[PDB]
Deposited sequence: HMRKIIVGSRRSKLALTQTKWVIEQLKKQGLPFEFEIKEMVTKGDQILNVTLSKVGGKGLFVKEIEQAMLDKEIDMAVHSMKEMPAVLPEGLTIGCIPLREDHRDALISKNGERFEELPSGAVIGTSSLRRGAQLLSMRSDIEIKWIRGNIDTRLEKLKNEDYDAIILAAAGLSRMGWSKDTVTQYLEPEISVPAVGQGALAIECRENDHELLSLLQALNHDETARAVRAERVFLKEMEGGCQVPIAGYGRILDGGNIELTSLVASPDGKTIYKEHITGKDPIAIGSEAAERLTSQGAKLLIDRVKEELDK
């Protein structure tokens, strides 16, 4: 006579791996709950949750919409994985060692624009596929290197030595929420929220909250060359690095804010960058994306 928590999940191997990881972690609490996965886009999952067809969903935080519909909430952010972008080179060159005219594979304008801002003599080309697929294309096709999230490589079990070079935020500011998971549920589901609380990692949640406020006030998302990475410093301060880039890498807006309040920090970063023209650039890229 236990409540069975229905967890909706995307069909991919990464999404199901993340979903099962969360369920296994909640089971460590030894509380009287059962768990079941229902394979299920973001609108679809949120509708089913609002419809009570499912009780919760596990998303990569960088895939979460900046704005959740009324009634839903992020109920838990667990301990962050590696936040960094990772460079994997076919022949093992670091970024500064790649040959002139090297082609780096990524469909992310955030990633590509930042790389082009460092070296405009390389080329960024679209690529698709899960990690396994992109790694195969690196060996067999006309890419000299690809960019992947360190977090996805880790969660898929790839060795740390698969990575040629972990890119620090000073080279490539990560996508907002990269390496973090979001557990979404109904805001009034106090029983599930109580179960989720022990899995929540307050330091990760506070940093990501600052990133997400910046994202929301810039009206950012996946397709946008916008980036933000927050971290907790000794003493409780959050340091937020925020960035907006033109697709060609020749315009870079960058802002560093260190303070106590994640909402104030995120809001100030957006205010400063908006005043410099970064929001106009975001709007124009959105229009071109049609």
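Unmodelled segments of the deposited chain, in sequence order: 41-60, 311.
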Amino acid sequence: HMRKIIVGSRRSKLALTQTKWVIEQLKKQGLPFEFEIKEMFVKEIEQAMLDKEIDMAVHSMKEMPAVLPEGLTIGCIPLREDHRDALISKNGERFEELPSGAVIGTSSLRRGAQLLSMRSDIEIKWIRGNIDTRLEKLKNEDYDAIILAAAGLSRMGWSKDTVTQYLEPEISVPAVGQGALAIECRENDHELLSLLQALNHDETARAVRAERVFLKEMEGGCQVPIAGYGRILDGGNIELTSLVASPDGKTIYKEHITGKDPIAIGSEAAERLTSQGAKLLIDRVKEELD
From here on, numbers count along this sequence of modelled residues.
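Here the stretch with the larger average CA B-factor, out of 240-248 and 254-262, is 254-262.
With 176-184 and 215-223 compared on mean CA B-factor from the PDB entry, the stretch scoring higher is 215-223. Out of 141, 96, 81, 85, the entry records its largest CA B-factor for 141. Split the chain's modelled residues into thirds by C-alpha temperature factor. Residue 152 is in the middle one. Ranked within its chain, residue 230 lands in the lowest third, by CA B factor from the PDB record. Looking at the C-alpha B-factors along this chain, the one for residue 105 belongs to the lowest third.
Among the modelled residues of its chain, residue 169 has a C-alpha B-factor that falls in the middle third according to the deposited record. When the modelled residues of the chain are ordered by C-alpha B-factor, residue 91 sits in the highest third.
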